[PDB]
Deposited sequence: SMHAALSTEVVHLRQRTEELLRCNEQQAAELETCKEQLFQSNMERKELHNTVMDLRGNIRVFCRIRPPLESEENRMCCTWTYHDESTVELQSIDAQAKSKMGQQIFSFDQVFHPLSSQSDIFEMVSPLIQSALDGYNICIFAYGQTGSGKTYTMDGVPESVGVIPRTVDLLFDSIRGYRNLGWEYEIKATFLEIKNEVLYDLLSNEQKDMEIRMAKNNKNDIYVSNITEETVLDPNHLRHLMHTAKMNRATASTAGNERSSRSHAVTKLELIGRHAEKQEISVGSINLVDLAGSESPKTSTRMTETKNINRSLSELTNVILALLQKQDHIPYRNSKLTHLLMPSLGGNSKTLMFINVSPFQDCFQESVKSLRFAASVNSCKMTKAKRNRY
């Protein structure tokens, strides 16, 4: 009577046990399959993203909105409506005709980690090894993330360090192929329309001039041509330069010139990686005033283009023209007090988004 009752219940529960374990097994089998498919999908989606951006041409504009830090709680924060992964719109908390919705190549949410940011940039660096000039720029008001995105903090490294390792990994496989790539370095700081070499602590006078090789590229003199040795050597040179830099509103122009040496045949790759940390979008515009003019130039002007008025724009004269992938980070603060400046940064980003197609060279001489 009792011994009957409870021995049935035992069996009944053995049924929920093996059912809740059967369903528990297949859930994990689907779940493992779903994530891989989701990775594979994200892979083929970022592939086509690079593949589309490529055909549109050679100027890319990414927009990264910074999250309020632990110091911003009651600070007024403008409304932010993310319509797509490439289209975003900001709204003034107060009252309100103008452009408020903005579409770029890729818009990064505050949540996006430094890894995701560099994940989209990675293809360009890799392209520099196959003979290609690359230039990365960080525009925006101060506090928006220009240092955070371009460079990186200790915990989350930025684009600058992330490329270092990525570049040496590729170099490793290329040495094996017989391609002995050589990495060089050039760190300089146009603080106030004056170049100041960050690798050379001794004061010098850089002078930007039509690169003697060809009118197409434009080199610079009095600059420490430091031949990089390994990932951490460059991490040493990174530290070196930030030391000299110390800054808030200055153009830190880094030029990791990338050469190649193939044992199969005397060919040489060209990798003009140009990681530039602009600063000061808000109105004081020392060199950044002419940056908006070369940009508005490439939109209107064709062959004719202002090349001076900004040491920065004269260094970048290889890019503006052609054979150079240009990518600009639009770091923008999410606060209502900076709502107008944020719009200003997004207006410049829209003109950058509307810039002309630049060609590309095999750069394999």
Counting from 1 along the deposited sequence, the ranges with no C-alpha atoms are 97-100, 251-259, 298-309
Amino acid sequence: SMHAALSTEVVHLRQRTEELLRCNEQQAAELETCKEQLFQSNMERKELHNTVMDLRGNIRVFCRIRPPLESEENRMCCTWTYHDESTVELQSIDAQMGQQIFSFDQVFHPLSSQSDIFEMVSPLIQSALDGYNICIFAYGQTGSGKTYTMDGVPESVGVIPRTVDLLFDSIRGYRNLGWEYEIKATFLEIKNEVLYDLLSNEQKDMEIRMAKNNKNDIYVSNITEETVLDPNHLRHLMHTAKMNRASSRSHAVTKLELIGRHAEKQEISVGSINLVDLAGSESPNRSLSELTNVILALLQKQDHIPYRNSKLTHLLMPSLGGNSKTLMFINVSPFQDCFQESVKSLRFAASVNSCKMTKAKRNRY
From here on, numbers count along this sequence of modelled residues.
Look over 103-111 and 198-206 in the entry and identify the one with the greater average Cα temperature factor. 198-206
Do the CA atoms of 351-359 or those of 7-15 have the higher mean B-factor in the entry? 351-359
Out of 85, 116, 217, 277, which shows the largest CA B-factor listed in the entry? 217
Most elevated Cα B-factor in the entry, residues 51, 319, 42, 33: 319
Which third of the chain holds residue 174 when residues are ordered by C-alpha B factor: lowest, middle or highest? highest
Using the B-factors in the PDB entry, rank residue 120's C-alpha atom against the chain and give the third, lowest, middle or highest. lowest
The third of the chain into which the C-alpha temperature factor of residue 307 falls is the highest
Residue 300 - Cα temperature factor, lowest/middle/highest third of chain: highest
Can you tell me whether residue 336 has a C-alpha B-factor in the lowest, middle or highest third compared with the other modelled residues of the same chain? highest
